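Only one structure is covered here, and it is reproduced in the block below.
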Amino acid sequence: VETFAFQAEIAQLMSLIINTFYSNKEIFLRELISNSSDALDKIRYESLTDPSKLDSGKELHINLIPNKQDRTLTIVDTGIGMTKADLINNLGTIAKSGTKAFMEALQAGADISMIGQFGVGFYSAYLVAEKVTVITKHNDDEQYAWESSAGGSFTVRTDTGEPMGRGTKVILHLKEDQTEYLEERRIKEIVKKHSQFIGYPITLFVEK
Ligand SMILES: Cc1c2c(n3c1CCN(C(=O)[C@H](C)N)C[C@@H](C)[C@H](C)Nc1cc-3ccc1C(N)=O)CC(C)(C)CC2=O
């Protein structure tokens with residue numbers, strides 16, 4: 001298990017997201033679904049030039065899986081996935097500028113729901129999650145688990161759990177007071193409001 005410091009700008013953003021009073025937390029789900037959709041767009045595009053990129057799975061979809069026993073909501077996609085370099089360095093490097101602009105825009109009167117316009121919508125997960133785990137598999141690399149409970153650090157390790165084939169799972173370990181996001185009616189409501197036109201099937205799993 002390797003431990004890394006977040007880019008300073010990203011630690012600042014995470015603290016802002018955790019500390020700012022902002023009741024409209026439900027927008028986190030749209031941002032995660034958007035990342036999944038963009039990841040699915042990318043593998044679809046790449047597979048046109050190279051059909052073998054779907055050898056790791058032809059199905060292009062998004063699953064939403066609540067688990068009340070574990071107090072987790074997982075967003076699963078069969079998109080392009082992320083390499084180790086993406087997880088550790090590359091996406092966060094790119095996200096530095098967006099992070100800075102967002103925080104500047106908030107100082108000027110924007111609100112937290114506009115986060116996705118700055119390319120850092122992933123971090124909205126911390127509106128509702130105390131810990132986020134990202135399990136991901138890209139065709140060119142092994143399966144990795146990224147994890148952070150904020151506090152300025154994240155970890156990456158090779159994942160020895162069930163092989164995914166290709167794609168990304170974002171596991172939200174929900175805060176004690178955010179369990180409404182495990183309720184079928186609540187998730188259905190948010191998906192219809194903010195994510196009704198996503199171009200891949202979204203399956204909301206129900207609890208046994
Ligand atoms: C930024 C950012 C970040 C993450 N994703 C993105 C978002 C980075 N990104 C974009 O902002 C695009 C260019 N608008 C490319 C996406 C789509 C990429 C391939 N897949 C993806 C990425 C993210 C989340 C889910 C998925 C996922 N579910 O696959 C996750 C992590 C690297 C742990 C931290 C972080 O800074």
Side-chain angles (χ1 to χ4, degrees), residues 1-36 39 62-68 70-77 79 81-84 86-92 95-96 99 102-103 112-113 115-116 119-138 142-161 163-164 167-183 186-187 190 204-205 207:
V1 177
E2 291 180 310
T3 304
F4 304 87
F6 280 114
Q7 289 281 351
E9 289 88 359
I10 295 173
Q12 290 181 40
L13 173 64
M14 288 174 80
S15 290
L16 182 156
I17 288 168
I18 290 166
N19 293 328
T20 302
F21 185 74
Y22 183 74
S23 301
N24 184 37
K25 288 173 182 286
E26 69 182 37
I27 65 89
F28 82 90
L29 186 61
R30 166 190 78 201
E31 299 303 326
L32 304 180
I33 292 174
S34 179
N35 286 335
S36 292
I62 301 169
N63 297 329
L64 308 177
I65 309 175
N67 185 310
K68 279 174 79 184
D70 297 350
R71 210 167 80 193
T72 59
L73 175 67
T74 304
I75 299 79
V76 182
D77 69 67
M82 285 168 285
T83 61
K84 195 180 182 190
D86 280 335
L87 281 179
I88 294 170
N89 229 299
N90 296 338
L91 293 176
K96 284 207 304 172
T99 294
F102 177 46
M103 291 188 294
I112 282 163
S113 73
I115 186 167
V120 289
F122 166 78
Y123 292 96
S124 72
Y126 291 91
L127 289 169
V128 299
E130 65 184 4
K131 181 167 72 182
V132 179
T133 310
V134 176
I135 311 297
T136 192
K137 178 66 172 72
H138 189 282
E142 294 180 44
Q143 188 165 303
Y144 296 99
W146 173 108
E147 195 166 69
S148 184
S149 299
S153 74
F154 65 93
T155 62
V156 177
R157 69 198 70 182
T158 297
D159 188 43
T160 55
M164 297 174 48
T168 299
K169 311 205 311 208
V170 178
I171 308 168
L172 307 176
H173 309 265
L174 297 176
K175 298 176 197 177
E176 155 270 325
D177 62 348
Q178 299 302 326
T179 64
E180 69 190 81
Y181 302 110
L182 302 169
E183 299 296 340
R186 181 70 171 115
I187 297 163
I190 296 165
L204 172 55
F205 285 33
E207 303 224 47

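Index from 1, following the sequence.
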Residue pair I17 / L127, side-chain heavy-atom distance below 4.5 Å: yes
Side chain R157, main chain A145, donor-acceptor under 3.5 Å: no
Heavy-atom side-chain proximity of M82 to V134 below 4.5 angstrom: yes
Separation of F102 CZ from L13 CG (nearest 0.5 Å): 6.5 Å
Validation row: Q12, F6 side chains within 4.5 angstrom (heavy atoms): no
Whether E31 side chain and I115 backbone form a donor-acceptor pair below 3.5 Å: no
Shortest non-hydrogen contact from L182 toward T72: CD2-O, 3.1 Å
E130 side chain reached by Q178 side chain, heavy atoms, under 4.5 Å: no
N/O donor-acceptor pair under 3.5 Å between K175 side chain and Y126 backbone: yes
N24 and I112, any side-chain heavy atoms less than 4.5 Å apart: no
Minimum side-chain heavy-atom gap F4-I88 below 4.5 Å: yes
Test item: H138 and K84 side chains (from C-beta on) under 4.5 Å apart, heavy atoms: no
Sole residue of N35, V76, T136, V132 in side-chain contact (heavy atoms from CB on, under 4.5 Å) with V170: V132
The single option from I171, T74, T168 passing side-chain contact (heavy atoms from CB on, under 4.5 Å) against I135: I171
Closest non-hydrogen atom pair between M103 and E9, with its separation: CE-O, 3.8 Å
Salt-bridge criterion met for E180 and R186 (N-O under 4.0 Å): yes
Side chain proximity check, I75 to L172, heavy atoms < 4.5 angstrom: yes
